[PDB]
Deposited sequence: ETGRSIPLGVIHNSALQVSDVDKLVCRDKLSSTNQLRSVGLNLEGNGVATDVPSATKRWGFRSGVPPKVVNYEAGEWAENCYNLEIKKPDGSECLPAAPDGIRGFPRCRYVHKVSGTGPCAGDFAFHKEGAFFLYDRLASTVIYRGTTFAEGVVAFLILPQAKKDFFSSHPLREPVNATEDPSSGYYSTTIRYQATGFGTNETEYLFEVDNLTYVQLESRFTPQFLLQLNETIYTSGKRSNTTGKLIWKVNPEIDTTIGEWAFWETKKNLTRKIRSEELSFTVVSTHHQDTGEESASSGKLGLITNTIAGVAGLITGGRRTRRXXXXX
């Protein structure tokens, strides 16, 4: 049942479990590989508003982990600290030996609150949360993951920069979620789906250098009026 990818006739194929190819040679378990591919590479929207609508809370389903040996450098990863309004944690601490996804250009660190109507947070399309060579069906607290899927291969016989982007959220995991991009602990920008990581980092740097940070003790919020990655108040 679990498909196994094999190269035949200069093309990748799924191996026929009911047909035996004696020409296929498996001379060691080293020729077998489990690999993780990022949803990013299929063209899904990666902005935090769009991404978080792919995840949802559910009770009654025990979480499951499967390992994989090789992964894809990610443009977008996510790291979630979500509480209920009463302060209790919505996500479980990462189990022993589960570390963050190891290659992330941007880590979208989302902190905030939602009702969390379920014991674990699952991927609504059935994808996995890819961590460090472990793929889980659920999201762990404060642990960086990339969304992705796993494949199994039989092989033929013969620097790194990361930037954390911080967000506050209310009504997390619902239809009516609100996201603020965090400039400092008192300066925020209303988040829109169209904002790219690059735009958010420049927005931050121009707010710092034009003195648009809060200089009261109160919260300042800004609004803004005005292709895949590999290819209040107001302002303008």
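Peer 1: Which parts of the deposited sequence lack C-alpha coordinates?
Peer 2: Seq positions lacking coordinates: 1-4, 163-184, 253-260, 266-323.
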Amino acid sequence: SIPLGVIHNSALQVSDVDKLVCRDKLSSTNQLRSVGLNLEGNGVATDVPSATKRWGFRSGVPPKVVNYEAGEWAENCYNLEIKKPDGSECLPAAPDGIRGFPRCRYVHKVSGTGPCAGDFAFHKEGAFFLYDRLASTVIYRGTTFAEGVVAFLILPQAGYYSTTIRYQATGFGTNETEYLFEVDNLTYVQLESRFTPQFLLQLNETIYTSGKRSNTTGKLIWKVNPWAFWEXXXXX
From here on, numbers count along this sequence of modelled residues.
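Basically, rigid core = biggest C-alpha set you can superpose within 1.5 Å across the two forms.
Peer 1: Kindly name the stretch, out of 214-222 and 15-23, whose CA atoms are displaced more from this form in 7 other deposited structures of this protein after the core superposition?
Peer 2: With the rigid core superposed, the C-alphas that lie farther in 7 other deposited structures of this protein are those of 15-23.
Peer 1: Within the set of other compared PDB entries, does residue 158 lack a model in a third or more?
Peer 2: Yes, a third or more of the compared structures omit it.
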